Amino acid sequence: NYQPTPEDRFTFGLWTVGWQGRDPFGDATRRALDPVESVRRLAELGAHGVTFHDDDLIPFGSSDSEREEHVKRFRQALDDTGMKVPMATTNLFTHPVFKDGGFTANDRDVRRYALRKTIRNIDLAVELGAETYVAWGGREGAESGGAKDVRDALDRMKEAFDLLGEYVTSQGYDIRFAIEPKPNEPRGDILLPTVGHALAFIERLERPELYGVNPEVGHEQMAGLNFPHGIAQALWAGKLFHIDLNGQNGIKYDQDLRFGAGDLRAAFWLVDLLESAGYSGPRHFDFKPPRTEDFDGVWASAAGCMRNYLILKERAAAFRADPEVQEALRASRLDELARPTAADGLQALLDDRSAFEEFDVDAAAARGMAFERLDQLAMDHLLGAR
(Lines of atoms letter the chains of each structure in order from A and count residues from 1; the text may use other names and numbers.)
(Lines give C-alpha, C1' and ligand atoms only; values in the text may rest on other atoms or scores of the structure.)
Protein backbone atom coordinates (compact mmCIF):
# COMPACT_ATOMS: atom_id res chain seq x y z
CA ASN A 1 0.00 0.00 0.00
CA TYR A 2 1.30 3.47 -1.00
CA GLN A 3 4.52 2.25 -2.59
CA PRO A 4 6.67 4.83 -4.41
CA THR A 5 8.00 4.37 -7.92
CA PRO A 6 10.61 6.51 -9.72
CA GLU A 7 7.75 8.03 -11.77
CA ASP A 8 6.65 9.79 -8.55
CA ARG A 9 9.85 11.89 -8.85
CA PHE A 10 10.89 11.67 -5.18
CA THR A 11 14.43 12.94 -4.54
CA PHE A 12 16.72 13.22 -1.52
CA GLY A 13 19.88 15.14 -0.71
CA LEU A 14 23.02 13.15 0.07
CA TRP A 15 23.26 15.27 3.24
CA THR A 16 19.82 14.13 4.46
CA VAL A 17 20.09 10.38 5.04
CA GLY A 18 23.82 11.05 5.40
CA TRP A 19 23.44 13.39 8.40
CA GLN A 20 25.68 12.07 11.18
CA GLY A 21 23.65 13.63 13.99
CA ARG A 22 26.01 16.41 15.10
CA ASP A 23 23.96 19.25 16.54
CA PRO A 24 25.04 22.42 18.48
CA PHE A 25 24.99 20.51 21.79
CA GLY A 26 26.17 17.03 20.81
CA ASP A 27 28.52 14.85 18.84
CA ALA A 28 27.67 12.55 15.92
CA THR A 29 25.60 9.44 16.71
CA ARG A 30 26.06 7.69 13.33
CA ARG A 31 29.04 6.96 11.17
CA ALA A 32 29.48 8.58 7.77
CA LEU A 33 27.71 7.11 4.72
CA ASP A 34 29.50 6.53 1.44
CA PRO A 35 27.53 8.44 -1.27
CA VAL A 36 27.51 5.24 -3.32
CA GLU A 37 25.72 3.32 -0.57
CA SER A 38 23.15 6.10 -0.17
CA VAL A 39 22.36 5.99 -3.90
CA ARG A 40 21.87 2.22 -3.78
CA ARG A 41 19.66 2.24 -0.68
CA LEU A 42 17.50 5.13 -1.90
CA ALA A 43 17.01 3.35 -5.23
CA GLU A 44 15.74 0.26 -3.40
CA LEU A 45 13.20 2.41 -1.51
CA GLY A 46 11.70 3.71 -4.76
CA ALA A 47 13.39 7.11 -5.03
CA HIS A 48 13.86 8.83 -8.40
CA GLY A 49 17.18 10.55 -7.74
CA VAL A 50 19.58 12.37 -5.43
CA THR A 51 21.01 15.87 -5.01
CA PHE A 52 24.31 17.12 -3.61
CA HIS A 53 26.39 20.02 -2.40
CA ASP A 54 29.85 20.07 -3.97
CA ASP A 55 31.39 19.23 -0.57
CA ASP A 56 29.02 16.26 0.02
CA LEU A 57 30.45 14.48 -3.02
CA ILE A 58 34.05 15.73 -3.18
CA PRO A 59 35.61 16.40 0.27
CA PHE A 60 36.85 19.96 0.65
CA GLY A 61 40.43 20.42 -0.54
CA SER A 62 40.55 17.35 -2.80
CA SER A 63 43.16 17.21 -5.54
CA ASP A 64 42.01 17.11 -9.16
CA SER A 65 42.85 13.40 -9.33
CA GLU A 66 40.99 12.55 -6.13
CA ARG A 67 38.10 14.60 -7.51
CA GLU A 68 37.82 12.54 -10.70
CA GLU A 69 37.89 9.35 -8.62
CA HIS A 70 34.96 10.49 -6.47
CA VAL A 71 32.90 11.53 -9.50
CA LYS A 72 33.60 8.31 -11.41
CA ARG A 73 32.49 6.11 -8.50
CA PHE A 74 29.35 8.23 -8.15
CA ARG A 75 28.54 8.09 -11.87
CA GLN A 76 28.86 4.30 -11.75
CA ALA A 77 26.35 4.02 -8.91
CA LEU A 78 23.93 6.17 -10.92
CA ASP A 79 24.37 3.94 -14.00
CA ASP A 80 23.88 0.78 -11.91
CA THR A 81 20.65 2.01 -10.30
CA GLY A 82 18.99 4.29 -12.84
CA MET A 83 18.97 7.24 -10.42
CA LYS A 84 19.02 10.81 -11.74
CA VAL A 85 20.62 14.01 -10.39
CA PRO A 86 18.03 16.76 -11.06
CA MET A 87 19.49 19.43 -8.74
CA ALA A 88 22.84 20.47 -7.30
CA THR A 89 24.05 23.22 -4.99
CA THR A 90 27.16 24.77 -3.46
CA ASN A 91 28.33 24.53 0.17
CA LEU A 92 29.01 28.18 1.07
CA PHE A 93 28.40 27.79 4.81
CA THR A 94 30.46 25.04 6.52
CA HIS A 95 34.05 26.21 6.10
CA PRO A 96 35.21 28.96 8.54
CA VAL A 97 36.15 31.20 5.60
CA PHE A 98 32.40 31.69 5.03
CA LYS A 99 31.69 32.79 8.62
CA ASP A 100 30.42 36.24 7.44
CA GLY A 101 28.85 34.91 4.24
CA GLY A 102 29.81 33.95 0.73
CA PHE A 103 28.33 36.30 -1.88
CA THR A 104 27.86 39.08 0.72
CA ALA A 105 30.92 38.64 2.95
CA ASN A 106 32.40 41.99 3.95
CA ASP A 107 35.81 40.75 2.70
CA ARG A 108 36.03 41.19 -1.07
CA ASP A 109 38.49 38.33 -1.57
CA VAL A 110 36.03 35.93 0.11
CA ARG A 111 33.23 37.01 -2.23
CA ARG A 112 35.46 36.31 -5.24
CA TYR A 113 36.39 32.88 -3.88
CA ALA A 114 32.70 32.11 -3.26
CA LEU A 115 31.92 32.82 -6.92
CA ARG A 116 34.77 30.65 -8.22
CA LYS A 117 33.75 27.75 -5.94
CA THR A 118 30.15 28.01 -7.23
CA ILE A 119 31.16 28.21 -10.91
CA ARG A 120 33.28 25.06 -10.65
CA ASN A 121 30.31 23.11 -9.30
CA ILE A 122 27.90 24.44 -11.96
CA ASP A 123 30.14 22.74 -14.53
CA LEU A 124 29.90 19.47 -12.58
CA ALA A 125 26.12 19.77 -12.16
CA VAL A 126 25.65 20.20 -15.93
CA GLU A 127 27.91 17.21 -16.58
CA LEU A 128 25.71 15.05 -14.32
CA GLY A 129 22.46 16.27 -15.89
CA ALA A 130 21.07 18.67 -13.28
CA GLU A 131 18.31 21.00 -14.49
CA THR A 132 18.22 23.29 -11.43
CA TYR A 133 21.01 24.86 -9.40
CA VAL A 134 19.98 25.89 -5.87
CA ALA A 135 21.51 28.73 -3.85
CA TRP A 136 20.88 28.81 -0.07
CA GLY A 137 22.66 31.84 1.40
CA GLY A 138 22.75 30.49 4.94
CA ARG A 139 25.64 32.73 6.07
CA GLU A 140 24.40 35.92 4.30
CA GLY A 141 23.16 38.06 7.20
CA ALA A 142 24.12 39.44 10.59
CA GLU A 143 23.82 39.13 14.35
CA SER A 144 24.15 42.90 14.92
CA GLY A 145 22.91 46.03 13.18
CA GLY A 146 26.16 47.75 12.23
CA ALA A 147 27.90 44.66 10.87
CA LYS A 148 26.06 44.63 7.51
CA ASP A 149 24.78 47.52 5.42
CA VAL A 150 21.87 45.70 3.79
CA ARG A 151 21.61 47.94 0.71
CA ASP A 152 25.30 47.33 -0.07
CA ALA A 153 24.84 43.61 0.63
CA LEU A 154 21.92 43.42 -1.80
CA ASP A 155 24.10 45.17 -4.40
CA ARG A 156 26.71 42.44 -3.83
CA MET A 157 24.09 39.68 -3.97
CA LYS A 158 22.69 41.04 -7.25
CA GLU A 159 26.25 41.31 -8.60
CA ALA A 160 26.95 37.64 -7.82
CA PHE A 161 23.74 36.24 -9.31
CA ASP A 162 24.13 38.43 -12.40
CA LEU A 163 27.66 37.08 -12.93
CA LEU A 164 26.41 33.50 -12.56
CA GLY A 165 23.72 34.22 -15.15
CA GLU A 166 26.30 35.67 -17.51
CA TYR A 167 28.41 32.53 -17.02
CA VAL A 168 25.66 30.00 -17.82
CA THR A 169 24.54 32.14 -20.78
CA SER A 170 28.07 32.35 -22.20
CA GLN A 171 28.55 28.58 -21.81
CA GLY A 172 25.21 27.73 -23.44
CA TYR A 173 24.10 25.71 -20.41
CA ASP A 174 20.46 24.67 -20.02
CA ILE A 175 20.24 25.10 -16.26
CA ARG A 176 18.21 27.50 -14.13
CA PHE A 177 18.79 28.93 -10.66
CA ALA A 178 16.50 28.65 -7.62
CA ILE A 179 17.01 30.79 -4.51
CA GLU A 180 16.18 29.10 -1.19
CA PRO A 181 14.94 31.52 1.51
CA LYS A 182 15.35 31.03 5.26
CA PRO A 183 14.53 33.67 7.94
CA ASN A 184 17.27 32.85 10.44
CA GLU A 185 19.77 30.19 11.63
CA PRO A 186 22.72 30.00 11.51
CA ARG A 187 22.83 33.82 11.26
CA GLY A 188 20.69 35.92 13.60
CA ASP A 189 18.80 37.24 10.56
CA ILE A 190 19.39 35.95 7.02
CA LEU A 191 19.02 38.12 3.90
CA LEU A 192 16.03 37.30 1.64
CA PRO A 193 14.26 35.70 4.63
CA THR A 194 11.01 34.50 2.97
CA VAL A 195 9.64 33.42 -0.41
CA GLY A 196 8.29 36.94 -0.90
CA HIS A 197 11.64 38.66 -0.36
CA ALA A 198 13.31 36.24 -2.79
CA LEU A 199 10.64 36.79 -5.46
CA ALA A 200 10.98 40.57 -5.18
CA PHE A 201 14.80 40.40 -5.41
CA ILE A 202 14.68 38.24 -8.57
CA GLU A 203 12.82 41.00 -10.45
CA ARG A 204 15.86 43.28 -10.08
CA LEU A 205 18.29 40.82 -11.68
CA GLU A 206 19.56 41.41 -15.21
CA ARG A 207 18.04 38.18 -16.62
CA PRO A 208 15.09 37.44 -14.29
CA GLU A 209 13.84 34.58 -16.46
CA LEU A 210 16.78 32.41 -15.31
CA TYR A 211 15.86 32.58 -11.60
CA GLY A 212 13.08 31.14 -9.43
CA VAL A 213 12.61 30.02 -5.81
CA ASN A 214 13.22 26.77 -3.92
CA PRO A 215 10.94 27.22 -0.87
CA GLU A 216 11.20 24.82 2.08
CA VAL A 217 8.23 23.84 4.29
CA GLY A 218 10.01 24.37 7.59
CA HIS A 219 11.70 27.64 6.63
CA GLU A 220 8.50 29.59 5.96
CA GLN A 221 6.99 28.08 9.11
CA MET A 222 10.00 29.45 11.09
CA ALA A 223 8.41 32.86 10.43
CA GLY A 224 4.90 31.61 11.27
CA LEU A 225 3.77 31.97 7.64
CA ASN A 226 1.29 29.83 5.70
CA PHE A 227 3.41 27.63 3.43
CA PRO A 228 0.62 26.72 0.92
CA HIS A 229 -0.14 30.45 0.54
CA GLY A 230 3.50 31.25 -0.22
CA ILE A 231 3.69 28.40 -2.73
CA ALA A 232 0.54 29.73 -4.42
CA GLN A 233 2.18 33.14 -4.85
CA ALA A 234 5.31 31.50 -6.28
CA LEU A 235 3.15 29.54 -8.76
CA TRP A 236 1.14 32.66 -9.63
CA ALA A 237 4.42 34.41 -10.53
CA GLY A 238 5.64 31.40 -12.54
CA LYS A 239 8.66 30.93 -10.30
CA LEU A 240 8.28 27.57 -8.51
CA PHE A 241 11.37 25.88 -9.98
CA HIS A 242 11.94 23.34 -7.18
CA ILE A 243 10.59 22.61 -3.69
CA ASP A 244 12.00 21.19 -0.44
CA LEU A 245 9.61 19.08 1.65
CA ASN A 246 9.95 18.38 5.37
CA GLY A 247 8.19 19.03 8.68
CA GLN A 248 8.45 21.70 11.36
CA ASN A 249 6.64 22.22 14.69
CA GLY A 250 6.17 25.99 14.75
CA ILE A 251 8.54 28.89 15.39
CA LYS A 252 11.82 27.49 16.74
CA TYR A 253 15.12 26.05 15.45
CA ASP A 254 15.04 24.40 11.98
CA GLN A 255 13.88 20.87 12.82
CA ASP A 256 13.94 19.23 9.34
CA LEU A 257 11.53 16.48 10.37
CA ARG A 258 10.33 13.95 7.84
CA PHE A 259 7.57 15.18 5.53
CA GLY A 260 4.12 14.79 7.08
CA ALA A 261 5.39 15.38 10.57
CA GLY A 262 4.99 18.87 11.94
CA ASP A 263 1.89 20.66 10.63
CA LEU A 264 -0.10 17.81 9.08
CA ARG A 265 -3.01 19.90 7.77
CA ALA A 266 -0.57 22.27 6.05
CA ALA A 267 0.99 19.24 4.37
CA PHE A 268 -2.47 18.21 3.11
CA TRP A 269 -3.16 21.65 1.63
CA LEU A 270 0.31 21.76 0.09
CA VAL A 271 -0.12 18.43 -1.70
CA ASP A 272 -3.60 19.51 -2.86
CA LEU A 273 -2.11 22.66 -4.39
CA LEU A 274 0.92 21.03 -6.04
CA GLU A 275 -1.21 18.32 -7.65
CA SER A 276 -4.03 20.69 -8.67
CA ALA A 277 -1.58 23.16 -10.21
CA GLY A 278 0.24 20.34 -12.01
CA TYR A 279 3.67 21.07 -10.57
CA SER A 280 6.05 18.94 -12.66
CA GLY A 281 9.36 19.19 -10.81
CA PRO A 282 11.01 16.93 -8.27
CA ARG A 283 9.42 16.26 -4.87
CA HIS A 284 12.64 16.78 -2.95
CA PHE A 285 13.07 15.96 0.74
CA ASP A 286 15.49 18.10 2.76
CA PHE A 287 15.06 16.44 6.15
CA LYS A 288 17.23 14.99 8.93
CA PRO A 289 16.56 11.58 10.50
CA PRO A 290 16.64 12.34 14.25
CA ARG A 291 19.95 11.58 15.92
CA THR A 292 18.12 9.11 18.20
CA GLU A 293 18.01 6.72 15.22
CA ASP A 294 20.39 4.05 13.94
CA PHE A 295 20.68 3.27 10.21
CA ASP A 296 17.51 1.17 10.23
CA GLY A 297 15.67 4.27 11.50
CA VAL A 298 17.32 6.42 8.83
CA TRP A 299 15.80 4.32 6.06
CA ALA A 300 12.46 4.07 7.89
CA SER A 301 12.31 7.86 8.15
CA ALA A 302 13.17 8.29 4.45
CA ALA A 303 10.47 5.79 3.46
CA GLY A 304 7.97 7.67 5.63
CA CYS A 305 8.63 10.88 3.67
CA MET A 306 7.40 9.24 0.48
CA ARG A 307 4.57 7.28 2.12
CA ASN A 308 3.10 10.41 3.68
CA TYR A 309 3.16 12.28 0.36
CA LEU A 310 1.31 9.42 -1.37
CA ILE A 311 -1.35 9.12 1.37
CA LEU A 312 -2.00 12.87 1.30
CA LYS A 313 -2.15 12.81 -2.52
CA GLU A 314 -4.90 10.18 -2.33
CA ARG A 315 -6.91 12.11 0.28
CA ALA A 316 -6.66 15.44 -1.55
CA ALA A 317 -7.76 13.80 -4.81
CA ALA A 318 -10.75 12.19 -3.08
CA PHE A 319 -11.63 15.57 -1.53
CA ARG A 320 -11.67 17.40 -4.88
CA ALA A 321 -13.54 14.57 -6.67
CA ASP A 322 -16.34 14.34 -4.05
CA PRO A 323 -19.62 15.76 -5.47
CA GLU A 324 -20.62 16.91 -2.00
CA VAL A 325 -17.38 18.91 -1.81
CA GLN A 326 -17.93 20.41 -5.27
CA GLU A 327 -21.36 21.53 -4.12
CA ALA A 328 -19.90 22.99 -0.89
CA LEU A 329 -17.31 24.91 -2.96
CA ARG A 330 -20.15 26.50 -4.91
CA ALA A 331 -22.01 27.25 -1.67
CA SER A 332 -18.93 29.18 -0.39
CA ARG A 333 -18.69 30.95 -3.80
CA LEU A 334 -15.25 29.67 -4.82
CA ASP A 335 -16.66 29.74 -8.35
CA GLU A 336 -17.30 33.50 -8.03
CA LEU A 337 -13.76 34.12 -6.77
CA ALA A 338 -12.49 32.84 -10.13
CA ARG A 339 -14.63 35.26 -12.16
CA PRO A 340 -13.36 38.74 -13.06
CA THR A 341 -14.53 41.53 -10.80
CA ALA A 342 -15.02 43.97 -13.66
CA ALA A 343 -14.50 42.52 -17.12
CA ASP A 344 -16.93 45.27 -18.17
CA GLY A 345 -14.18 47.81 -17.46
CA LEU A 346 -13.64 50.86 -15.31
CA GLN A 347 -16.23 53.15 -16.88
CA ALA A 348 -19.00 50.53 -16.71
CA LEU A 349 -18.14 49.93 -13.05
CA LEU A 350 -18.35 53.66 -12.31
CA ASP A 351 -21.79 53.87 -13.97
CA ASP A 352 -23.16 50.71 -12.34
CA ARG A 353 -25.55 51.86 -9.64
CA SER A 354 -25.93 48.26 -8.42
CA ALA A 355 -22.26 48.41 -7.34
CA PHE A 356 -22.73 51.33 -4.93
CA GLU A 357 -25.73 53.66 -4.93
CA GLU A 358 -28.28 50.81 -4.91
CA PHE A 359 -26.17 48.01 -3.40
CA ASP A 360 -27.87 46.33 -0.40
CA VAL A 361 -24.93 46.07 1.97
CA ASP A 362 -27.03 44.56 4.78
CA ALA A 363 -28.34 41.75 2.57
CA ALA A 364 -24.83 40.95 1.33
CA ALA A 365 -23.40 41.06 4.87
CA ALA A 366 -26.00 38.59 6.13
CA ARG A 367 -24.90 35.88 3.66
CA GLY A 368 -22.95 33.18 5.47
CA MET A 369 -19.75 31.96 3.84
CA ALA A 370 -20.33 28.29 4.83
CA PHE A 371 -16.55 27.84 5.35
CA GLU A 372 -16.83 25.68 8.47
CA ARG A 373 -18.90 23.00 6.73
CA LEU A 374 -16.41 23.00 3.86
CA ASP A 375 -13.45 22.67 6.25
CA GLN A 376 -15.06 19.77 8.12
CA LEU A 377 -15.52 17.96 4.80
CA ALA A 378 -11.80 18.49 4.25
CA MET A 379 -11.06 17.10 7.74
CA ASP A 380 -13.27 14.06 7.16
CA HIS A 381 -11.44 13.34 3.88
CA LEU A 382 -7.97 13.78 5.39
CA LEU A 383 -8.84 11.37 8.24
CA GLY A 384 -10.60 8.81 6.03
CA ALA A 385 -13.94 9.37 7.75
CA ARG A 386 -15.57 9.32 4.28
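When you see a residue number, it is the position in the sequence shown, counting from 1.
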Task: Greater mean Cα temperature factor according to the PDB record, 68 to 76 or 94 to 102 - done: 68 to 76
Task: Residue range whose averaged C-alpha B-factor is higher in the record, 168 to 176 or 295 to 303 - done: 168 to 176
TODO: Tell me which of 141, 145, 129, 218 tops the list for C-alpha B factor in the record.
DONE: 129
Task: Residue with maximal Cα B-factor (values as given in the PDB entry) among 181, 224, 247, 278 - done: 278
Open item on the list: Test of reading the entry: by CA B factor among the chain's modelled residues, which third contains residue 369?
Closed with: lowest
Task: Chain thirds of CA B-factor: placement of residue 51 - done: lowest
Open item on the list: Please place residue 272 in the lowest, middle or highest third of its chain according to the CA B-factor in the PDB entry.
Closed with: middle
- [ ] Taking the chain's C-alpha temperature factors as the reference, tell me which third residue 58 falls into: lowest, middle or highest.
- [x] highest
Task: Ranked C-alpha temperature factor of residue 19 among modelled chain residues, by third - done: highest
